[PDB]
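Below is one structure, written out as structure tokens, with a few remarks after it.
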Amino acid sequence: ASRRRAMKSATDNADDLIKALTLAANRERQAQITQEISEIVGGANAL
Amino acid sequence: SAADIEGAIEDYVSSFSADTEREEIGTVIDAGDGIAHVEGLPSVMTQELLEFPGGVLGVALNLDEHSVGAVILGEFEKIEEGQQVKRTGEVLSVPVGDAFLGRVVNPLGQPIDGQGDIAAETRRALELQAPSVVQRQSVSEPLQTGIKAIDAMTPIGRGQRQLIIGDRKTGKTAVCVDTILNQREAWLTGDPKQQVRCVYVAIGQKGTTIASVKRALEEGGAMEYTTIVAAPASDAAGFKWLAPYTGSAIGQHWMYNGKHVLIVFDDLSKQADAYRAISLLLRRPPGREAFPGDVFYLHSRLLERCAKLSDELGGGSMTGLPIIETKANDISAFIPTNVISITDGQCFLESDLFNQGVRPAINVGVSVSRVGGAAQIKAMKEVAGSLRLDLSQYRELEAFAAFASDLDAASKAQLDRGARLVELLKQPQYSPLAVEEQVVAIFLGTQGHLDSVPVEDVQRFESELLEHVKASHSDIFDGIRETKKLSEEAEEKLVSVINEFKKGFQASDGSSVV
Amino acid sequence: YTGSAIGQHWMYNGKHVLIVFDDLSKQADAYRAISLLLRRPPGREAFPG
Amino acid sequence: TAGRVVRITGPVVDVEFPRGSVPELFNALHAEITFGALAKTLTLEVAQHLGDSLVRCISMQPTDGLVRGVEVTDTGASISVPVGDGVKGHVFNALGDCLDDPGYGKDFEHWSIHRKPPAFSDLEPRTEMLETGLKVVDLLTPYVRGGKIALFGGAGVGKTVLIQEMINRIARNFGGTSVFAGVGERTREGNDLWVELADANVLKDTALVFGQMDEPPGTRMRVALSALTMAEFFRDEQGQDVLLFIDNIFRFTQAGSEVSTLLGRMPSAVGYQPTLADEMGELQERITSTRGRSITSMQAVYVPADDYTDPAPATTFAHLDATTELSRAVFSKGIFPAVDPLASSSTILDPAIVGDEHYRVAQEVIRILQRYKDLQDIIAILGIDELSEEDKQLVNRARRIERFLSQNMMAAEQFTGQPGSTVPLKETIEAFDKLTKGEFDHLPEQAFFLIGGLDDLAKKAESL
Amino acid sequence: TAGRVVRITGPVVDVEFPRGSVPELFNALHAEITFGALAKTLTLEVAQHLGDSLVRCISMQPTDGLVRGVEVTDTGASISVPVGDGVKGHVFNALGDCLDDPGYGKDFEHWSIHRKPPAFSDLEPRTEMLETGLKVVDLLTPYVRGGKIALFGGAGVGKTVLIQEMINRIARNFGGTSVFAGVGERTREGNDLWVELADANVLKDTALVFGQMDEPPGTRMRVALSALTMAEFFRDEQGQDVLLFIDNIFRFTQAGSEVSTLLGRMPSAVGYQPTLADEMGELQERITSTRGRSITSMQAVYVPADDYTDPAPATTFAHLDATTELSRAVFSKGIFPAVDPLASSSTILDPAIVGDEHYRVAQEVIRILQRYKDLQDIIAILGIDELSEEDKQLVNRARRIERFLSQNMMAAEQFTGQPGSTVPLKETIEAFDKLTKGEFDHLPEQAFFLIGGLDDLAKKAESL
Ligand SMILES: Nc1ncnc2c1ncn2[C@@H]1O[C@H](COP(=O)(O)OP(=O)(O)OP(=O)(O)O)[C@@H](O)[C@H]1O
Ligand SMILES: [Mg+2]
């Protein structure tokens with residue numbers, strides 16, 4: 001019974017950690033896109 | 001040998017006449033990195049084919065009030081300031097005809113395989129309209145790729161646009177070469193309603209890789225109905241940009257003439273890279289990942305030529321199999337997102353599955369085909385109906401592989417069935433399976449005849465069983481092929497032969513399978 | 001560069017030198033500032049090529 | 001007076017006009033491509049004024065073959081689309097040209113696709129539920145009259161059948177019409193939709209406006225506005241409730257992004273156009289209820305990278321009032337219309353807009369379905385017999401509830417013959433109140449498949 | 001009719017010529033720097049024609065000391081390098097000037113560094129295995145004789161050590177001619193290679209061309225072409241099998257990027273030049289082998305930021321038959337040669353070429369390693385004790401396989417102290433078949449570390 005409870009808690013924590021890491025990875029994905037575009041258009045504006 | 005060695009030249013000298021036609025001239029004022037700016041040419045039209053003094057060709061791509069920025073199609077180093085540029089009054093066009101079968105041609109239609117010239121039936125502009133909504137027809141005819149995974153899970157119907165998308169060295173070119181090879185049986189029939197003509201467009205591949213693909217097609221007998229529009233990495237960015245359009249035009253000529261075409265773009269990522277290079281060199285504004293605003297259009301304008309025409313236009317079809325290399329399995333990148341939006345379905349190939357031995361490595365589940373069962377023959381539709389659900393249940397149950405004693409009987413049966421289905425979808429390279437053999441193979445697994453064979457032997461049990469059926473009980477294959485459905489009497493005969501074979505099958509572990 | 005030149009003068013006279021650049025990340029930042037003030041178009045991370 | 005093309009950089013075309021005749025923004029100009037193979041009449045949409053009497057335009061058609069110095073004639077009005085009863089039953093492009101019957105509608109009343117949204121004093125201050133007649137929609141995720149509904153789904157989940165169902169219900173129950181704004185259509189999918197609607201005989205109640213993918217981004221960006229202008233004409237002039245489908249409004253956003261890039265505007269956060277929110281607002285704010293008539297819209301939305309925080313879906317969802325999510329799992333269980341009761345949502349499922357009884361019944365159904373979804377893992381791995389008696393009772397009740405959420409759609413009448421059912425909202429509420437209380441747990445599960453209301457439930461039970 | 005320097009910006013120099021004497025692209029121009037400390041003859045390469053009789057050039061030597069208005073004389077031909085059997089046994093720079101003996105080849109035949117790749121008609125695939133003696137390479141990434149081989153890696157993961165080891169394993173016994181192009185690598189390792197080759201008497205059969213990173217972008221661009229010209233002469237004009245080692249081919253694209261913005265090109269993604277793919281494709285295609293004329297090229301490729309998704313390595317991948325891929329993750333775990341067995345690949349690893357036994361063993365090793373990589377996440381948190389018995393056995397197998405892929409290479413004696421070892425391909429296949437099948441599960445895993453062979457495995461196990 002304690003293993004059931006502990007593994008349910010572990011699964012819930014893993015799901016919450018997956019959600020947090022997915023939100024993060026989305027933030028760095030958007031930030032990488034932005035930064036790449038900033039570099040590209042900074043080179044463009046100077047040339 | 002013959003007198004022709006002289007006669008041909010005679011025919012030229014007697015027929016040659018350079019007449020004096022008026023011509024508009026520009027002068028090259030800038031030249032660098034594959035782009036030449038040409039002052040003058042007042043009447044030049046966008047995407048025209050300019051000819052430079054050294055036999056070089058360019059495409060008038062940017063038109064301003066000052067200059068015409070043209071992308072040079074090879075031999076760029078021979079362009080200099082002050083050179084005279086003559087305009088050919090023709091937008092980008094390529095020759096097209098049945099003479100392109102078995103030939104390797106650069107994006108301008110000129111042979112590069114070293115054989116004779118190509119007798120062109122006609123010329124087609126690369127930028128002609130795609131078939132309109134009113135001119136198309138529902139995709140309803142299968143295009144058997146020969147890969148059990150694709151033909152069962154994500155069927156490709158001729159007229160469809162299926163994207164083979166995945167990271168490097170995952171099995172994409174293998175899938176498309178297998179698809180091209182699988183059409184030999186259709187070609188040998190001689191029926192245009194069955195024949196599929198192939199156009200393997202290589203963009204950005206090295207010359208030896210294109211040679212390897214050509215060898216794989218020749219040793220497979222596929223070169224007598226396949227053309228290879230090759231833009232090797234040595235070629236200018238213009239050729240890498242144009243090659244898909246060249247191949248699409250060569251295919252479209254057949255498509256509007258009632259034939260069925262199969263176009264493989266390998267890859268469209270390099271097409272996009274070449275277009276990005278041209279755009280940035282012409283100073284077109286950049287966007288995400290520096291691609292120009294119309295890069296999506298570049299791919300869309302291409303893939304939408306791949307259509308099935310209505311019966312009023314001959315009923316021909318052109319099937320697209322664009323190949324995209326996804327970096328680090330990032331299907332959310334710009335070009336992958338664009339082409340996933342454009343295409344009708346996606347075979348996602350994953351390196352993890354490839355290393356697990358799931359090669360041809362289609363990630364079923366994530367992989368989809370929006371045409372669906374309409375692209376399958378009735379036999380495969382009925383046999384492979386339960387396959388997707390079984391594989392999904394297996395992937396759900398995989399975490400329980402170590403506790404099969406503690407699972408429900410139904411769950412353990414599902415796990416055992418799924419492992420054998422996964423082994424069943426595996427397939428050796430350059431060995432496509434006819435649709436009847438695929439039907440029988442998937443019938444083995446979905447109907448439970450593999451449930452007694454050990455997992456590690458499934459690949460063999462299938463391979464031998466078909467080898468038996470073909471040789472001894474071909475009536476099953478003939479029935480499936482001629483009628484397109486697995487009849488009840490044929491099904492009973494197939495079950496009887498499977499059971500008879502089971503007795504004579506030696507499992508690798510030494511156990512008996514009955 | 002000044003430290004390297006001072007060290008190189010000794011190096012070419014047959015003497016052993018130990019140069020410590022603390023830190024080269026700040027030289028890169030200084031070069032980035034100089035390049036952007038001269039209006040050289042930058043590369044990745046706004047650094048010059 | 002007529003302009004001259006002075007620059008051609010892909011879709012972007014610059015036109016120099018005489019000083020006194022520069023067209024105002026968004027005017028449609030016509031240029032002629034006389035090259036035989038590519039002969040065309042380009043429709044250029046004025047996007048900027050560059051000065052010295054130059055205007056930068058986004059070509060609505062491929063500019064291949066266009067020549068510098070070619071005469072450009074100003075129409076004097078922005079992209080205009082035909083509007084009227086005549087647009088019903090026909091397919092149009094973003095520019096109002098009929099695709100299935102060329103030259104059709106060129107003599108109709110034409111409306112500019114750039115129209116301001118309703119005056120602030122003309123908006124409806126109170127959200128009104130749209131009783132569409134489907135049990136699942138009306139109970140779990142009630143639609144909003146004059147609101148926007150996201151339609152998540154894909155292939156083989158009955159999205160097209162649901163579109164047909166809603167076309168039938170808006171045409172028959174509300175006496176309205178539909179306009180299908182195919183932004184970024186796959187020409188194959190567009191042709192399939194055209195033939196499906198013609199076969200279902202609902203084409204006469206819908207006007208199709210396809211901006212295909214093969215066209216440059218200008219048309220893909222303006223097709224939503226064109227279809228919405230037809231819907232606006234139906235709402236304001238004909239006085240009909242309208243149902244504007246937009247498959248897929250991410251495309252519209254991405255076409256805007258591509259147009260922005262082409263014109264040279266610096267990209268926003270994730271590469272989207274700086275005016276993303278304003279374009280999306282200018283599109284969505286026109287979809288609203290005015291003077292008693294409403295344009296409802298089911299807008300399929302693509303979520304890039306499955307990231308709902310992305311600028312495009314984040315801007316789209318600021319306007320979406322409901323969210324219907326079609327599920328493959330539910331579809332495989334025979335439960336058409338294939339709506340997932342748990343993934344789908346609505347912003348009107350509140351005790352205030354809907355009755356308190358409605359909210360209570362919907363929340364009870366959601367609770368039961370969620371508990372069943374949790375027990376699915378145990379059922380699949382451990383078997384049904386490993387549950388408790390209370391769990392088994394709840395599983396039976398949840399099976400029956402989720403099967404009763406299915407319905408005999410009008411779109412299915414063409415296949416089976418059984419007329420589609422329009423279950424009144426009160427009847428659905430009381431029926432699901434009975435279901436959740438166990439009053440029908442003794443009927444076989446097959447009795448609840450594809451039946452509208454308690455009368456049909458009783459008749460089917462007696463037929464089994 | 002000499003030119004005149006107008007504009008100097010780092011390595012890029014603009015030169016104005018008289019109207020009738022503008023040099024062709026890729027021509028070599030000679031300016032002169034007269035400042036005493038930096039006096040030299042400066043070789044520029046015409047990179048762009050910019051109009052108004054101006055050309056823009058990439059300087060090969062540093063422009064420090066160059067003065068505006070200085071006369072620039074045109075050579076009338078591209079940069080030419082010496083070719084012939086004379087080059088063997090000597091060290092040259094990008095310009096063809098001998099370093100170990102100044103003025104040595106000035107009278108040899110001179111070839112332009114710029115020439116078109118061999119025609120597609122003359123290319124055939126190569127499918128002959130090259131046994132290096134390295135277990136991991138021979139097993140999982142078999143090299144192709146006459147094919148294209150690469151050693152990808154991050155920064156400081158052992159690319160130079162491994163390429164030196166490959167020079168030791170392939171060239172020492174090679175009967176043909178070797179060419180080593182040090183393209184923007186470290187000068188210390190270049191001198192180390194020079195002395196190593198001199199001591200082993202391989203120098204007499206090796207031509208070294210160095211453009212090391214102390215040099216400006218021009219040399220780091222053109223040195224690869226200068227060495228490839230010698231390789232092409234040996235391939236075409238003599239028909240000798242040729243080895244072509246390059247270290248590091250990424251520096252070519254990086255130098256192109258360095259001069260990209262000074263040439264006026266708008267930067268592409270990650271700040272690379274727009275012409276990345278074409279520029280690298282020309283050079284890579286010149287390296288192929290034509291039928292009857294073999295070049296066995298090995299190219300150390302540098303992966304910026306350890307990111308294999310970077311445009312440069314990603315574009316280079318398409319040009320290679322075998323691609324060993326060193327990773328910092330494996331290097332951290334102490335495994336030398338530091339190969340990632342999963343990321344690395346080879347086109348000759350088919351059952352039809354390497355045989356069914358080799359293919360089966362390699363694919364089983366890759367399967368075990370992939371399963372181990374998938375399990376490493378579980379093991380680090382839930383512990384090994386919670387894995388399945390089969391998975392636990394597989395993990396024990398995989399650790400030993402990873403450590404057995406490590407090998408004491410001859411070039412890494414100064415990394416480990418112990419001498420190098422050579423493992424026959426048959427012994428590698430047998431040993432890995434035994435591992436994957438279990439015959440060594442009883443031996444400690446540390447017995448498999450840096451041993452190279454079954455006899456060494458037994459000896460180290462006994463020593464443990
Ligand atoms: N079904 C298969 N069974 C076994 N090996 C396969 C299979 N498919 C592909 N391979 C092998 O996998 C490797 C990659 O194949 P392929 O050349 O088709 O890859 P690709 O995805 O096109 O990648 P690249 O970017 O290198 O072109 C080759 O060794 C090929 O032989
Ligand atoms: Mg490939």
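All heavy atoms count here, side chains included; hydrogens, waters and symmetry mates do not. Quick note on labels: first sequence line is chain A, next is B, and so on, each numbered from 1.
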Seminar exercise, completed: Applied to residues 364-377 of chain B, the side-chain hydrogen bond (donor to acceptor under 3.5 Å, both in side chains) test, sequence neighbours excluded, yields B/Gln160-B/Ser369
Exercise. Going by atom types only, do E/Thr428 and E/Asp138 share a side-chain donor-acceptor pair under 3.5 Å?
Worked result: no
Exercise. Regarding B/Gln429 and B/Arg359, is there a side-chain donor-to-acceptor distance under 3.5 Å anywhere?
Worked result: no
Exercise. Can you check salt bridge (charged side-chain N to carboxylate O under 4.0 Å, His left out) on B/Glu462 and B/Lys148, steps first, answer last?
Worked result: CA-CA 12 Å; B/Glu462 176 194 1; B/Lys148 285 173 285 178; 2.7 Å; yes
Problem set entry | From CA spacing to verdict: side-chain contact (heavy atoms from CB on, under 4.5 Å), B/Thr446, B/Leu424 | CA-CA 10 Å; B/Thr446 58; B/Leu424 184 68; over 6 Å; no
Problem set entry | B/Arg168 side chain to E/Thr323 side chain, donor-acceptor N/O pair below 3.5 angstrom | yes
For this session: Show your reasoning for whether ring-ring contact (aromatic ring centres under 6.0 Å, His included) applies to E/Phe449 and E/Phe404.
Result: CA-CA 6 Å; E/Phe449 185 58; E/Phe404 195 58; over 10 Å; no
Exercise. Below 4.5 Å, heavy atoms only, C-beta onward: do B/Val435 and B/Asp151 meet side chain to side chain?
Worked result: no
Exercise. Can you tell me if E/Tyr372 and E/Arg399 form a side-chain donor-acceptor pair at under 3.5 Å?
Worked result: yes
For this session: Would you check if there is a donor-acceptor pair between the side chains of B/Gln414 and B/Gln393 at a distance under 3.5 Å?
Result: yes
For this session: State whether the side chain of E/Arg400 and the backbone N or O of E/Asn396 hold a donor-acceptor pair below 3.5 Å, judged by distance alone.
Result: yes
Exercise. Do B/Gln356 and B/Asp352 meet the criterion of a side-chain donor-acceptor pair at a distance under 3.5 Å?
Worked result: no
Seminar exercise, completed: Rounded to the nearest 0.5 angstrom, the OG1-CG distance for B/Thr179 and B/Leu143 is 7.0 Å
Problem set entry | Salt bridge B/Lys493-B/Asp475, side-chain N to carboxylate O under 4.0 Å | no
Exercise. Is the backbone N or O of B/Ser463 less than 3.5 Å from a side-chain atom of B/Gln459, with the two atoms forming a donor-acceptor pair by type?
Worked result: no
For this session: Given side-chain contact (heavy atoms from CB on, under 4.5 Å), test E/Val339 with E/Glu325 step by step and report yes or no.
Result: CA-CA 6 Å; E/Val339 178; E/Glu325 293 179 354; over 6 Å; no
Problem set entry | Test item: B/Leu181 and B/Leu217 side chains (from C-beta on) under 4.5 Å apart, heavy atoms | yes
Problem set entry | OG1 on A/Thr11 to CD1 on A/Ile18, rounded to 0.5 Å | 9.5 Å
Problem set entry | Nearest-0.5 Å distance, CD1 of residue E/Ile353 to NE2 of residue E/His358 | 11.0 Å
Problem set entry | Worked verdict on E/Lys333 versus E/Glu402 for salt bridge (charged side-chain N to carboxylate O under 4.0 Å, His left out) | CA-CA 10 Å; E/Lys333 293 187 286 185; E/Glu402 293 179 353; 3.6 Å; yes
Problem set entry | Within-4.5 Å side-chain heavy-atom neighbours: B/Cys176 and B/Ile164 | yes
Exercise. Within a strict 4.5 Å, meaning less than it, do heavy atoms of the E/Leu405 and E/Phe432 side chains meet?
Worked result: yes
For this session: Measure across B/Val422 and B/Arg395 and return the closest heavy-atom pair with its distance rounded to 0.1 Å.
Result: CG2-NH2, 3.7 Å
For this session: Indicate the atoms forming the closest heavy-atom contact of B/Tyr430 with B/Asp178, along with that distance.
Result: N-OD1, 3.2 Å
Problem set entry | Residues which pass side chain to side chain contact (heavy atoms under 4.5 Å, CB included) with B/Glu437, listed by chain and number, not counting sequence neighbours | B/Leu433, B/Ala434, B/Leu466, B/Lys470, B/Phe477
Exercise. Hey, are the side chains of E/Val136 and E/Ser344 touching, using non-hydrogen atoms and a 4.5 Å cut-off?
Worked result: no
Problem set entry | Charged N-O contact under 4.0 Å between E/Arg360 and E/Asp433 | yes
Exercise. Is there a donor-acceptor pair closer than 3.5 Å between any side-chain N or O of B/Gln162 and the backbone N or O of B/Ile156?
Worked result: no
Seminar exercise, completed: In this structure, OG of D/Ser332 is separated from CZ of B/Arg388 (nearest 0.5 Å) by 12.0 Å
Exercise. Under 3.5 Å, is there a donor-acceptor pair between the side chain of B/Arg460 and the main chain of B/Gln506?
Worked result: yes
For this session: Report yes or no: does B/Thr483 contribute a side-chain atom to a donor-acceptor pair with the main-chain N or O of B/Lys485 at less than 3.5 Å?
Result: no
Exercise. So, B/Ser351 versus B/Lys169: side-chain donor-acceptor pair below 3.5 Å or not?
Worked result: no
Exercise. So, the side chain of E/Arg403 versus the backbone of E/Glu445: is there a donor-acceptor pair under 3.5 Å, distance only?
Worked result: no
For this session: Look at the aromatic rings of B/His449 and B/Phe443 and report parallel, tilted or perpendicular, splitting at 30° and 60°.
Result: parallel
Problem set entry | For E/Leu369 against E/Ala398, the heavy-atom pair lying closest together | CD2-O, 3.9 Å
Exercise. Would B/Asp451 and B/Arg420 pass as an ion pair if we require N to O under 4.0 Å?
Worked result: no
Problem set entry | Which atom of E/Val423 lies closest to which atom of E/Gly453, heavy atoms considered | CG2-N, 3.8 Å
Problem set entry | Exam field: side chain B/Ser431 to backbone B/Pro428, donor-acceptor pair closer than 3.5 Å | yes
Exercise. Is it true that a side-chain atom of E/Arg397 and a backbone atom of E/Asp441 form a donor plus acceptor pair closer than 3.5 Å?
Worked result: no
Exercise. Does NZ in B/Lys378 sit with more than 12 non-hydrogen atoms of other residues, nucleotides or ligands closer than 6.0 Å?
Worked result: no
For this session: Provide the closest heavy-atom pair for E/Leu349 versus E/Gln363 in the form atom of the first, atom of the second, distance.
Result: CD2-NE2, 3.7 Å
For this session: State whether the number of non-hydrogen atoms from other residues, nucleotides or ligands found under 6.0 Å of B/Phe403 atom CZ is greater than 12.
Result: no
Exercise. Which heavy-atom pair separates D/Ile378 from D/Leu387 by the least distance, and what is that distance?
Worked result: CG2-CD2, 3.5 Å
Exercise. Can B/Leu421 and B/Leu387 be said to form a side-chain contact (heavy atoms from CB on, under 4.5 Å), step by step?
Worked result: CA-CA 8 Å; B/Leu421 292 176; B/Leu387 186 69; 3.5 Å; yes
Problem set entry | Donor + acceptor pair across side chains of B/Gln144, B/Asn182 (<3.5 Å) | no
Exercise. At what distance, to the nearest 0.5 angstrom, does OG of B/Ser512 lie from NZ of B/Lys502?
Worked result: 10.0 Å
Exercise. For the side chain of B/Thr145 and the backbone of B/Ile150, is there at least one donor-acceptor N/O pair under 3.5 Å apart?
Worked result: no
Problem set entry | Under 3.5 Å side-chain donor-acceptor pair for B/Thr326 and B/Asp167 | no
For this session: Run through E/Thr347, E/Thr127, E/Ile348 and flag the one making a side-chain contact (heavy atoms from CB on, under 4.5 Å) with E/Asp321.
Result: E/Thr347
Exercise. So, the side chain of E/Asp340 versus the backbone of E/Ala343: is there a donor-acceptor pair under 3.5 Å, distance only?
Worked result: yes
Exercise. Say you draw a straight line from OG1 of B/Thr173 to CG of B/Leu321; how long is it, rounded to the nearest 0.5 Å?
Worked result: 11.5 Å
Exercise. Going by an N to O cut-off under 4.0 Å, is there a salt bridge joining E/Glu364 and E/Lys437?
Worked result: no
Exercise. Is there side-chain contact between B/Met153 and B/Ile362, with heavy atoms separated by less than 4.5 Å?
Worked result: no
